[PDB]
Amino acid sequence: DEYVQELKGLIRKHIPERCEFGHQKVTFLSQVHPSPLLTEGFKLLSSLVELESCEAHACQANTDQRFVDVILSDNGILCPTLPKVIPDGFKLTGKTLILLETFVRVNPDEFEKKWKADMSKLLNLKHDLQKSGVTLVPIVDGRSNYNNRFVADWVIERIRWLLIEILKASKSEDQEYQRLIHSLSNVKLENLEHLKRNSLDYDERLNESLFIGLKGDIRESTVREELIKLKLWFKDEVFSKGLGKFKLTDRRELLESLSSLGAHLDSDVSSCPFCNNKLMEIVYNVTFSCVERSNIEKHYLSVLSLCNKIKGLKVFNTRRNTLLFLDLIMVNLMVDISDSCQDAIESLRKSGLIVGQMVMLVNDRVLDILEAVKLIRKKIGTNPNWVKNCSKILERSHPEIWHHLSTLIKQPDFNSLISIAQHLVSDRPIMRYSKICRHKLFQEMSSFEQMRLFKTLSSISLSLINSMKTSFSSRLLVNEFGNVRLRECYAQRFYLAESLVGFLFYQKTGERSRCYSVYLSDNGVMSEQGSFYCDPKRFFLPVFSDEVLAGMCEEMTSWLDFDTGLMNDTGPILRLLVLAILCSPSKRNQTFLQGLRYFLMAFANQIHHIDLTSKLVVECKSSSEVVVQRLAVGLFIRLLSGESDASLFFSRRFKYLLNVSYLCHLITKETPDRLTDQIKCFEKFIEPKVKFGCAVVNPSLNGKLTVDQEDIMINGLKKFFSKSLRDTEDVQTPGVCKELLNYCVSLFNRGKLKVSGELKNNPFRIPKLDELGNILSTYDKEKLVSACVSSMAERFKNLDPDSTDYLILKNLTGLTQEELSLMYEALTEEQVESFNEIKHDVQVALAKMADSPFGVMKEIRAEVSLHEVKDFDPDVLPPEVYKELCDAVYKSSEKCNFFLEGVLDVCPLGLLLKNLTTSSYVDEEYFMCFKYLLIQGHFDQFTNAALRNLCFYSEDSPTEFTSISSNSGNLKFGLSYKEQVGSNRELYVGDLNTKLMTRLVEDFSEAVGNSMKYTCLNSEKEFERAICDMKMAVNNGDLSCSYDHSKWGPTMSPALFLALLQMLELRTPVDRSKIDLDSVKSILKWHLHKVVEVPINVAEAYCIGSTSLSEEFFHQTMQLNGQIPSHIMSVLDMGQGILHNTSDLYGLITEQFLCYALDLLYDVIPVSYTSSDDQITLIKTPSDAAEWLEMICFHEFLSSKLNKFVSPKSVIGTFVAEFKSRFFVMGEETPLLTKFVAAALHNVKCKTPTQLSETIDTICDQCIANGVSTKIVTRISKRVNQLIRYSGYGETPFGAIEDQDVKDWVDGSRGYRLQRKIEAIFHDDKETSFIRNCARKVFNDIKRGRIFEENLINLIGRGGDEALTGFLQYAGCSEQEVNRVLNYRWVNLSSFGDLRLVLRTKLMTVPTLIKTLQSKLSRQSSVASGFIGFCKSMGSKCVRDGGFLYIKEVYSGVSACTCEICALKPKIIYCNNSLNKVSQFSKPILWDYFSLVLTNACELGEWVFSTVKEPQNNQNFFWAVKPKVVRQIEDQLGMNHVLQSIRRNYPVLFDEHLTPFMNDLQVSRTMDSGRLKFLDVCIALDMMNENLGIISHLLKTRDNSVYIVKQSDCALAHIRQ
Ligand SMILES: [Mn+2]
Ligand SMILES: [Zn+2]
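Structure, rendered in structure tokens:
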């Protein structure tokens, strides 16, 4: 015995920490025998691991291995007959359990699967336990390795190695040996030959149902003869009988059909867009009311801001009293202002911020004066001490920094207040809930009122976006049919002119859709403008884009300048259409505009589908879509009412109408409703499966099928492969005929198609699935609650303040009332609700840890007795089954033992329930207190094969597999949706194991396709070839067929791919071995038997509960057969985006076969390009295009015989060819302006102003690449700059991209336009010229002569002033030049680091060049809410120094001192002595200009040193240009070169935070092309400055390489050389 004897001596270095350790060690050491040794060794290992894991959580180790019922019986708990469960550790305290089960899994797959299966089994116990007993916190402590705190982490690996050596040495079955071995390794792809592949007496039926007719060896002449006969039959039995699928256009017929479907004539709506739409009407009213027509105000705004700041601290632990106190302060200061200066209450208020009988208050609230004084009247007489102590409480244990010297303590003089109140009479708002047209005929206004309409729309949209900003946890003082007289309504203001302002009143807070009321105020007289209903988070696009849209509309109008008289009739209607789309955002408008695009495509060409017009019509609702549909259809009929092809100008009309049709990108894509979208997604997923008739209900999820399930699966598979070549009744049904597949495969095998199997490079080299997209899943919620409760329990070594909430905010958002407020204000409304639920759960758990009903007047008998027995616990008890009034009156129960007198904020344990109940009773929240009363009322009331799978045994590991499973699951999936503009797309999310298998098959298919040629899906070279071929074919005038295939996802089946792969051979490159595709076929079978989990929300909505087949199916399977369906397994799914490359390969093979057939039959030359969903076929025909209809119909028929049905959107013609949304016309390419403009105006994802500027720069570069304009990009630049400025960051010299740019986005990077912006700041370019000359001198000195080295780097990191003065003295200067250059300064807020700010992110969580390099080494949220989070987070203590402070505090330290050099660019550039008070936030702009110039010279040549010289065309002649850059930095610039110089210069930064996960340092250390020419200094500059980003541009591609521009802009460019 070599290792057996050593085993006893090796464990001698063990600490007998516990009694059980020694108790088992004495048994171990005194017992040596091969049969019992291994079992007790495993037991000891697992025991020590679990003991350490639990003792990390203050466990009470379960040594007797007893159930939970027995341990509840040991203490005093009634037995509710719970399921029998053995927990690893239990801890009873008070009336709560802490149950934890631990395990160890080396690989992530088993770790995740075990974690899910253990969390579910613990969670299934709490429903039964809480019904008649205690509530438990479940902990699951999983470890990925065996390390612990009891051993030195050196003995465990050695003992495991020797133990597995013993196991593999001596034995005593088949798979248990392999499972023991597999569970002890460390780390461990295809070639799974270790598997067993045991049959099940079922897969044979699969064999003769899938492979009964596949041979793949047919000869060629027989195929030719059969195809000839088939064509002869089709000519005279299907085509001449009118059963085709494609038809000629007949322009007049299409125009009549469009006019009949779009322009409603059966509708009662009038032809005035303003009258039908509410928002449109309000915009019109405000515009035409405005167009045709003092230090106290600053003091009031400042004190209002101070009041908001003091209210943000919530230092009163109550909501009513705080609001009353702030109201008292505001009214006291109002009477203090109005006591003197009698011309104030009517001058700077009626023209400022006040309305009829209402004053603005804290928290953006507007309150009536009479109600305010009435509420202040209360709390007096009963609490005379209410004021004084409050005045005394703001000085002690308070910030004690308040300017309320007299406005605070002052008792409000009610006589003067009531005098002010009676000075003006009631004109309260009305808030209209739930007719002669006088609208001045929009077509007949001047060119000035329209821009005013756009400006008004922008202002109102900004007001809505700001209405989103109100704090969610705010309640009104007094709460509230068709008309309601407002008294405590929220309001927002928007300015229009000197006197009149606009108010926007609303009553609710959050992101939901509301009803707003718009009022005006001219000179104190408050009028009514209107009331409407909208969702605020859908109005972000027009927030400032009042000039971008005007610019694009003017350009599109100018596009029609070939007829003076057509643009005059199409301009105003186009503007009205754009404005109507902006004011009426909905998905139906998007769908209609997409239908318009497809109609245009069909109209331009010559052949189109017979079932096209049925895909254009979208039903109209609310009469707000009828107006936009009428406008769009009228535009289309007014434009394309002429002939086709042969015309003086037709390409311009097509361009204009295509751009009009992409107006649907203006409307956002953000799911108007989430539950509705989930329901629609589930419907779209499940309708075809049940229509086909093969959808089974809940399987076993273990690889076991009953006789009925396998029978229905086999029947479905037979029906799939039961189509004949002759029948025409099945053209739209899924299924593939075996004969044509045999023909295609046999013809592919004998190298006859354009592709063949001569492949090289041989290919074989914890989210819960039933809710996806939910902000916080059940698993995360329970984990968080358990963690918080465990931390609380271990801290109590009771009493508990509210600071516990702070703890929760550590785990939701990643990072002391300031910290709590900053963390709280970063949560969205739904996240706030989830946080409140977690709060309640934790508080209830602790209250339980700490340890009357005959109040019947209208309930208890039927209300709460059935409400508690209703859905789960009262934590989800709806407030609608019980009325509000009865809730309030039932709460009138007196104070008793259930209550306690006093708020008692400190709250010692044992009174949590009573304390929260009393506190919530004091405030307005009554239903929460009712729930608390409910919960306090207790109204919720030696074999080695089976006895070894309990401790750490990885029983669920893959060892043997069958045809339907792998003994490790059934390849579970999930359902979700991905937003698009037209309609949402399916999305399948998979577990880890199924993700690995899909990745394996995906890699194999990707390799096989990469061998082939004609696919263009993940190979840009083939896409470029397709683009060039399309361009030349359209130029020549050949036939182009754009084929978009319908239902590609939910139709194809893994069985089709199984048959195709069974019939293929895929010959090896140089071996000709006929690769065996066994593993691929096994994985494809596993896909064939996959499981898709239905969303839990859809099940709940259909259970609780308009006709739909999905709903009737769900009810039919509800209890008629079994239980609620939760899993759906079927034949034809091919999860969308799961088998993408395999589908591409199949489509390529079938398309090549079809092209061969067309060449064989009609003697044409087809060439096809496929992208796995859409394809383009370019057909060159010998020897006017109406005799090719038969060929097109035959092609469609043959495609339908395979599983490749053609959608009606497909078009065949000769005018325009489409592929991947890139339309080509004879001569040029269509620009698609509006798509790019709408993209630029959208996706404003802001985290820092610099990053926002960079993203907008990239988007604008891509925009100007496709010939948009140079007058539109400036307006987007202004919009981004104004969005930055409005956020409070203040304007900065760098900021967003430059204003007033030129065509020179080409041959210029981000640095060049930064340099241009700085040069534009200085007018006479004197100091800029001097710095440029110094830069040229330094550049020449480093290029030749006195060649320098890394010594210069030592100067860069010192600072800004020192670096500039050192470089000036190196070039050569004196004190005068240095002291003159260092005069210009700009304020750098991020001087001592970065802005401290938290954004609206998702829950559960150094120079930037390091982060970019780290990113290179490796491998749902809306826009308005994100921007509001940005603006709100940049108003708190953000900038750091020394400590944090505001931005306005820093900017208030500057002095005006406008002497000579602070007026060339106000609020941007200052002089030195003007920044004496704030000097640490002051850096020279000339240093950044110097760095920009040097870096630009390093990158794109030396021509950036010269001086700019200004030079001494129908706006429609486009032409293409190339970049004209010259580089001097070894342009190839491969990888592993920057890191070499960084290691040379910054070893400490290379060692730490850089390359931990790096395994090829040998190449990067052996001077791999080290010591570059300029890279020594051209990398240090970016390390210090945060807005150059030259490294990120070094290792990238231009991404455009071409720019289409105008003759108008190239002649206005600036010459610099
Ligand atoms: Mn297409
Ligand atoms: Zn009207």
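Residue numbers for the sequence shown follow my numbering, so the first one is 1 and each next one is one higher. Yeah, the Cβ is synthetic: ideal placement off N, Cα and C, and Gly gets one too.
Exercise for the section: Would you mind stating whether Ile329 and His404 have Cβ atoms separated by less than 8 Å? Expected result: Here residue 329 is taken as the residue at index 329 of the sequence shown, counted from 1. Here residue 404 is taken as the residue at index 404 of the sequence shown, counted from 1. Taking 8 Å as the Cβ cut-off, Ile329 and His404 qualify as a contacting pair.
Practice task
Measure the C-alpha to C-alpha separation of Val104 and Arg179 and round it to an integer number of angstroms.
Solution key: Numbered from 1 along the sequence shown, position 104 holds the residue referred to as residue 104. Numbered from 1 along the sequence shown, position 179 holds the residue referred to as residue 179. Taking the straight line from one Cα to the other gives about 14 Å.
Handout entry: N-terminal and C-terminal residue of the beta strand (DSSP E) that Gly814 is part of
Key = Numbered from its first residue, the sequence shown carries residue 814 at position 814. No beta strand (DSSP E) contains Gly814, which DSSP labels as neither H nor E.
Handout entry: Nearest to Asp1 (by Cα), restricted to the options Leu675, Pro1231, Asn897, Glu165
Key = Against the sequence shown, residue 1 aligns to sequence position 1. The candidate whose alpha carbon is nearest that of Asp1 is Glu165.
Exercise for the section: Work out the CA separation of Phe1517 and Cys1610 for me, nearest whole Å. Expected result: In the sequence shown, residue 1610 corresponds to position 1610, counting from 1. In the sequence shown, residue 1517 corresponds to position 1517, counting from 1. About 11 Å.
Exercise for the section: Keeping to the same chain, check which residues put their C-beta closer than 6 Å to that of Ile1461; ignore five residues upstream and five downstream. Expected result: If you number the sequence shown from 1, residue 1461 lands on position 1461. If we look at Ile1461 and ignore the five residues flanking it on each side, its Cβ neighbours are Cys1471.
Practice task
Could you tell me whether the region 1311 to 1319 touches the region 1293 to 1300, where touching means 3 or more Cβ pairs closer than 8 Å?
Solution key: Yes: at least three Cβ pairs fall under 8 Å.
Problem - Member of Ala1238, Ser1491, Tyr1384, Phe1574 whose CA lies at the smallest distance from the CA of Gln1528 - result: On the sequence shown, residue 1528 is found 1528 positions in, with the first residue counted as 1. Among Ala1238, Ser1491, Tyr1384, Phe1574, the Cα nearest to that of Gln1528 is on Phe1574.
Problem - alpha helix (DSSP H) segment containing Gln492, residue limits - result: Against the sequence shown, residue 492 aligns to sequence position 492. Here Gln492 belongs to no alpha helix (DSSP H); instead the beta strand (DSSP E) covers 490 to 495.
Practice task
Could you round the C-beta distance between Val1131 and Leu717 to whole angstroms and report it? I think they count as a contact, below 8 Å.
Solution key: Taking the sequence shown and counting its residues from 1, the one referred to as residue 1131 is at position 1131. Taking the sequence shown and counting its residues from 1, the one referred to as residue 717 is at position 717. Rounded to whole angstroms, the Cβ separation of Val1131 and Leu717 is 6 Å, and the two are in contact under 8 Å.
Exercise for the section: Examine the Cβ distances between the region 589 to 600 and the region 661 to 681 and report whether three or more of them are shorter than 8 Å. Expected result: yes
Problem - For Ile139, three-class secondary structure by DSSP - result: Position 139 of the sequence shown holds residue 139. Strand.
Problem - Selected residue, minimal CA-CA separation from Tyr598, among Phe562, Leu577, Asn659 - result: Residue 598 sits at position 598 when you count from the first residue of the sequence shown. Nearest of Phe562, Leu577, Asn659 to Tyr598, Cα basis: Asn659.
Problem - Exercise answer, beta-carbon shell around ligand 1 heavy atoms below 7 Å - result: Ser1042, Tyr1043, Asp1044, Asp1174, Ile1176, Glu1218, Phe1219
Exercise for the section: Anything with a beta carbon under 6 Å from a heavy atom of ligand 2 counts; list them all in chain order. Expected result: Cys272, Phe274, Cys275, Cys437, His439
Exercise for the section: Could you tell me which residues DSSP pairs with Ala1520 in its beta bridges? Expected result: Translated into positions along the sequence shown, residue 1520 becomes position 1520. According to DSSP, which records beta bridges pairwise, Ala1520 is partnered with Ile1604.
Problem - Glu101, buried or exposed, once every other Cβ within 10 Å from all chains shown has been counted against 16 - result: In the sequence shown, the residue the question calls residue 101 occupies position 101. Buried.
Handout entry: Beta-carbon proximity of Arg985 to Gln1136, cut-off 8 Å
Key = To locate residue 985, count along the sequence shown from 1; it is residue 985. To locate residue 1136, count along the sequence shown from 1; it is residue 1136. In contact: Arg985 and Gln1136 (Cβ atoms closer than 8 Å).
Handout entry: For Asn970, three-class secondary structure by DSSP
Key = The sequence position of residue 970 within the sequence shown is 970, counting from 1. For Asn970, the secondary structure class from DSSP, reduced to helix, strand or coil, is coil.
Practice task
Look up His1127 in the DSSP assignment and give the residues it is bridged to.
Solution key: For the purposes of this step, residue 1127 is taken as residue 1127 along the sequence shown, with counting starting at 1. Its beta-bridge partners are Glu1093.
Handout entry: Beta-carbon spacing of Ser963, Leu200 below 8 Å
Key = By one-based count along the sequence shown, residue 963 stands at place 963. By one-based count along the sequence shown, residue 200 stands at place 200. Contact flag set, yes.
Practice task
Run the CB neighbour count on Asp364, radius 10 Å, all protein chains shown included, and call it buried at 16 or more, exposed below.
Solution key: By 1-based counting over the sequence shown, the position of residue 364 is 364. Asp364 comes out buried.
Handout entry: Reference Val1008, options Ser791, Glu281, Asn761, closest by Cα
Key = By 1-based counting over the sequence shown, the position of residue 1008 is 1008. Selected option, being the one with the closest Cα: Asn761.
Practice task
Below 7 Å CB to CB, which residues in the same chain sit around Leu1403 once its five sequence neighbours on both sides are set aside?
Solution key: Sequence index remark: in the sequence shown, residue 1403 carries index 1403 (1-based). For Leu1403, where only same-chain residues beyond five positions count, the Cβ hits under 7 Å are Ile775, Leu776, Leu812, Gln831.
Handout entry: For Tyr988: DSSP bridge partner residues
Key = Mapped onto the sequence shown, residue 988 falls at position 988. Answer is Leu975, bridged to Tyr988.
Practice task
Decide if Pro412 is buried, meaning its Cβ has at least 16 other Cβ atoms within 10 Å, or exposed.
Solution key: As a working mapping, residue 412 is identified with position 412 in the sequence shown. Buried.
Practice task
State yes or no: is the beta carbon of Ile581 nearer than 8 Å to at least one beta carbon in chain B?
Solution key: Any reference to chain B falls outside this structure, which holds one protein chain only.
Problem - Beta-carbon proximity of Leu1389 to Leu1395, cut-off 8 Å - result: The residue labelled residue 1389 in the question sits at position 1389 within the sequence shown. The residue labelled residue 1395 in the question sits at position 1395 within the sequence shown. The answer is yes: Cβ separation under 8 Å.
Exercise for the section: Give the DSSP-derived three-state secondary structure of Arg588 in the structure shown. Expected result: Counted from its first residue, the sequence shown places residue 588 at position 588. Of the three classes helix, strand and coil, the one that applies to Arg588 here is helix, per DSSP.
Problem - Limits of the unbroken alpha helix (DSSP H) element including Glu1111 - result: Numbered from its first residue, the sequence shown carries residue 1111 at position 1111. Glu1111 -> alpha helix (DSSP H) spans 1109 to 1116.
Handout entry: Own chain residues within Cβ distance below 8 Å of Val1454, not counting five before or after
Key = Locating residue 1454 in the sequence shown gives position 1454, where the first residue counts as 1. Closer than 8 Å at Cβ, skipping near neighbours: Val1387, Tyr1470, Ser1474, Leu1475, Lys1477, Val1478.
Exercise for the section: Have a look at the DSSP bridge pairing and note the partners of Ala1217. Expected result: In the sequence shown, the residue the question calls residue 1217 occupies position 1217. According to DSSP, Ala1217 bridges with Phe1224.
Exercise for the section: Report yes or no: do the region 1144 to 1160 and the region 752 to 768 share at least 3 C-beta pairs separated by less than 8 Å? Expected result: yes
Exercise for the section: Could you name the residues of the same chain whose beta carbon sits closer than 6 Å to that of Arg18, not counting the 5 residues immediately before and after it, in chain order? Expected result: As a working mapping, residue 18 is identified with position 18 in the sequence shown. Counting only Cβ-Cβ distances below 6 Å, and skipping sequence neighbours, we find nothing.
Problem - Residue of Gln941, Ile808, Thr828 minimising C-alpha distance to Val864 - result: Position 864 of the sequence shown, counted from the start, is the residue given in the question as residue 864. Selected option, being the one with the closest Cα: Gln941.
Handout entry: Stretch pair the region 1253 to 1266 + the region 1222 to 1236: three plus CB contacts closer than 8 Å
Key = For the pair of segments examined, the region 1253 to 1266 was found to touch the region 1222 to 1236: the number of CB pairs separated by less than 8 Å reaches three.
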